[PDB]
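Where a number appears in this text, it was derived from the coordinates with a stated rule and is not lab data. Ideal geometry is used to build each Cβ from the backbone, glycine not excepted, and the neighbour counts take in all protein chains shown.
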Amino acid sequence: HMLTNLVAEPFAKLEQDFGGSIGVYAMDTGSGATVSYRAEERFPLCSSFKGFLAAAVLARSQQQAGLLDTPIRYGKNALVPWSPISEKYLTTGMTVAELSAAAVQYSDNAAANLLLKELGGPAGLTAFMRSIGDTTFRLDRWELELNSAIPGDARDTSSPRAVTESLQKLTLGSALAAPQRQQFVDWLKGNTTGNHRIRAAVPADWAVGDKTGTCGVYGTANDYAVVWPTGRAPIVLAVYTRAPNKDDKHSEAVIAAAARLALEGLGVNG
Ligand SMILES: *[B@@-]1(O)O[C@H](C#N)c2ccccc21
């Protein structure tokens with residue numbers, strides 16, 4: 001508690017201008033200081049579960065040395081909306097590693113559903129998260145049904161705090177073996193969908209990896225990231241939003257602004 005919110009930041013005004021709720025958790029891994037706002041509330045994961053999905057695949061690959069190289073062929077019926085990479089390889093197949101990279105870096109939905117099947121579905125991903133000590137995360141449904149983002153519905157949600165804690169364990173801690181940890185980091189670093197979210201608050205000369213989520217309803221969107229400022233320890237953070245009305249729009253700018261406030265609250269000069 002002593003190191004949480006040492007410096008207050010105007011998150012309430014930000015979410016009021018947005019017309020909804022913002023949840024933020026950010027950890028300075030050097031000192032343990034944190035910024036926390038609505039950090040234990042549940043928010044829909046949307047596509048942000050796909051980062052943890054890829055980590056779960058990497059964990060399994062530690063016991064199955066041939067897994068990442070395995071070629072997966074799929075039918076047209078696997079190609080749900082927003083499958084920008086897997087649609088280009090329908091007639092050829094893709095490897096497990098390629099599906100994982102597409103799920104992370106392009107938010108590819110067909111790839112995500114194929115990998116979910118490999119792990120035993122939403123309960124299998126949930127079990128992986130339990131295995132690293134995350135008792136908050138729950139995945140319940142598949143793409144695209146998991147994006148419904150219904151107010152008060154705990155299905156397919158986590159908290160900003162649990163997201164950050166699990167991200168730290170997987171990218172900086174010991175939840176993955178070292179080679180798989182760096183592969184997870186590299187996939188996050190190569191994400192293409194997050195340039196207007198946490199990355200927009202991060203100076204260009206710092207390294208960063210992230211995974212976004214966008215549900216398309218209820219003003220519900222999010223991003224989580226690991227950030228390596230030069231000359232100090234990495235920062236892990238999560239920013240989640242939601243809003244009361246089904247047709248409320250999400251805002252990338254609000255996510256970037258919340259990330260800026262989190263870095264300011266940690267005393268990280270940007
Ligand atoms: B997920 O939130 O990231 C993609 C985007 N934007 C996407 C598309 C369609 C459904 C879910 C998701």
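Could you list, in sequence order, all residues of region 192-214 that are outside any strand (DSSP E or B) and surrounded by fewer than 20 Cβ atoms within 10 Å (Cβ to Cβ)?
192, 193, 195, 196, 200, 203, 204, 205, 206
Would you point out the residue of region 44-55, among those that are under 19 Å from residue 133 (Cα atoms) and within 16 Å of the ligand (Cβ to nearest atom), that is surrounded by the most Cβ atoms within 10 Å (Cβ to Cβ)?
51
Kindly establish whether residue 187 is hydrophobic (A, V, I, L, M, F, W, C) and either free of Cβ contacts under 8 Å to residues at least 24 places away in the same chain or out of contact with any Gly (no Cβ under 8 Å at 6 or more places or on another chain) (or both).
Taking the combined requirement at face value, the residue does not satisfy it.
Return yes when residue 188 is aliphatic (A, V, I, L, M) and within 15 Å of the ligand (Cβ to nearest atom) and no when it is not.
Considered against the rule, which asks whether it is aliphatic (A, V, I, L, M) and within 15 Å of the ligand (Cβ to nearest atom), residue 188 comes out as yes.
Enumerate the pairs (first residue in region 199-219 and under 20 Å from residue 232 (Cβ atoms); second residue anywhere and within 13 Å of the ligand (Cβ to nearest atom) and assigned to a loop (DSSP other than H, G, I, E, B)) with beta-carbon separation below 8 Å, excluding pairs fewer than 6 apart on the same chain, so at least 6 apart or on different chains.
Matching pairs, first to second residue: 209/191; 210/191; 210/194; 210/197.
Can you name every one of the helices (runs of 4 or more DSSP H) wholly within region 98-182 that holds 1 or more residues which are free of Cβ contacts under 8 Å to residues at least 12 places away in the same chain and not aromatic (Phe, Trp, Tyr)?
Result: 109-119, 121-131.
Tally time: how many residues in region 56-78 are touching a residue at least 24 places away in the same chain (Cβ under 8 Å) and surrounded by fewer than 16 Cβ atoms within 10 Å (Cβ to Cβ)?
So the count comes out to 4.
Residues are listed down the side, and each one gets a yes or a no for (1) touching a helix residue (DSSP H, G or I) at 6+ places or on another chain (Cβ under 9 Å); (2) more than 15 Å from the ligand (Cβ to nearest atom); (3) among the hydrophobic types (A, V, I, L, M, F, W, C):
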{"position": "224", "(1), (2), (3)": "yes, no, no"}
{"position": "230", "(1), (2), (3)": "no, yes, no"}
{"position": "236", "(1), (2), (3)": "yes, yes, yes"}
{"position": "239", "(1), (2), (3)": "yes, no, yes"}
{"position": "258", "(1), (2), (3)": "yes, yes, yes"}
